[PDB]
Amino acid sequence: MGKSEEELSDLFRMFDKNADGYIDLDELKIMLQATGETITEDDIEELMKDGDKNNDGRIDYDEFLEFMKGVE
Ligand SMILES: Oc1ccc(/C=C/c2cc(O)cc(O)c2)cc1
Ligand SMILES: [Ca+2]
Ligand SMILES: [Ca+2]
C-alpha cells in the first residue's frame with residue numbers, strides 16, 4: 001500500500017491516461033507497463049476485479065480505496 005491519500009491522490013489523478021476523472025481498463029494495462037505488466041489478458045482484469053467489482057468499465061477514487069487492500 002502507499003502512505004495515505006496524499007500520495008494515493010497522485011496515483012489516481014496523474015495516472016488517468018484517458019483524462020476523464022475515472023481510470024478505465026485500457027489505461028490500467030498501459031500504466032503498469034513501465035514497471036512490468038507482462039502477463040495474459042486475464043491478468044489485466046485481475047486488478048480490475050478489486051478496483052471495479054461491478055465490472056462497469058470505470059474506476060473512481062472511492063473504489064480506488066477498496067482496490068489498495070487487494071493489490072497491497
Ligand atoms: O485499478 C488499479 C489501481 C491502482 C493500481 C496500481 C498498481 C501499482 C502497484 C505497485 O506496486 C506500484 C504502482 O506504481 C502501481 C492498479 C490497478
Ligand atoms: Ca480514464
Ligand atoms: Ca466501477
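This deposited entry lists solution NMR as its structure determination method.

S.K.: Would you mind showing me how to read the site of ligand 1 here?
M.R.: Lining the immediate environment of ligand 1, one finds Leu28, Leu32, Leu47, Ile59, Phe64 and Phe67. Against a free-state accessible area of 420 Å², the protein chains account for coverage of 63% of ligand 1. More than half of the atoms belonging to ligand 1 lie within 2 Å of the grid points that define the largest pocket. Each residue belonging to the shell around ligand 1 can be placed in one class, and the counts come to six nonpolar, no polar and no charged.

S.K.: What is the right way to read the coordination of the calcium ion (ligand 3) from this model?
M.R.: For a metal with four tetrahedral donors the ideal donor-metal-donor angle is 109.5 degrees, whereas six octahedral donors ideally subtend 90 or 180 degrees. The coordination sphere of the calcium ion (ligand 3) contains the protein donors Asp52 (OD), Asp52 (OD), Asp56 (OD), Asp56 (OD), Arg58 (O), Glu63 (OE) and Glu63 (OE), at a distance range of 2.5 to 2.8 Å. Coordination of the calcium ion (ligand 3) draws on donor residues from a single chain, spaced D-x3-D-x1-R-x4-E in sequence. On the basis of relative accessible area, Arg58 is assigned to the partly exposed category, the value being 39%.

S.K.: How should I be thinking about the environment of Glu46 in this particular structure?
M.R.: Secondary-structure assignment places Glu46 in helix α3 (residues 41-51). Separated by 25 residues in the primary sequence, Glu46 and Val71 place their C-alpha atoms 9.4 Å from one another.

S.K.: What am I meant to see in the coordination of the calcium ion (ligand 2) here?
M.R.: The coordination sphere of the calcium ion (ligand 2), as far as protein atoms go, consists of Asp16 (OD), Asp16 (OD), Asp20 (OD), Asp20 (OD), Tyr22 (O), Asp24 (OD), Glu27 (OE) and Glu27 (OE), spread over 2.4 to 3.2 Å. Sequence spacing of the donor residues for the calcium ion (ligand 2), all on one chain, is D-x3-D-x1-Y-x1-D-x2-E.

What counts as what
- Residues numbered from 1 in each chain as written, not as in the entry; some residues may be left out.
- Chains lettered and ligands numbered in written order.
- Heavy atoms only, no water.
- Near = heavy atom within 4 Å.
- Areas by Shrake-Rupley, 256 points an atom, 1.4 Å probe, with all protein chains shown as cover.
- 1 Å grid on protein atoms, 1.4 Å probe; cavity = no way out; pocket = protein on both sides within 12 Å on 5 of 7 lines; lining within 4 Å.
- Sits in = over half its atoms within 2 Å of the grid points.
- Nonpolar A, V, L, I, M, F, W, Y, C, P; charged D, E, K, R; others polar.
- Donors = N, O, S within 2.8 Å, 3.2 Å for Na, K, Ca; no water.
- Buried < 20%, exposed > 50% of the residue type's maximum accessible area, 1.4 Å probe, protein only.
- Helix = DSSP H or I, 4+ residues; strand = E, 2+ residues; numbered from the N terminus.

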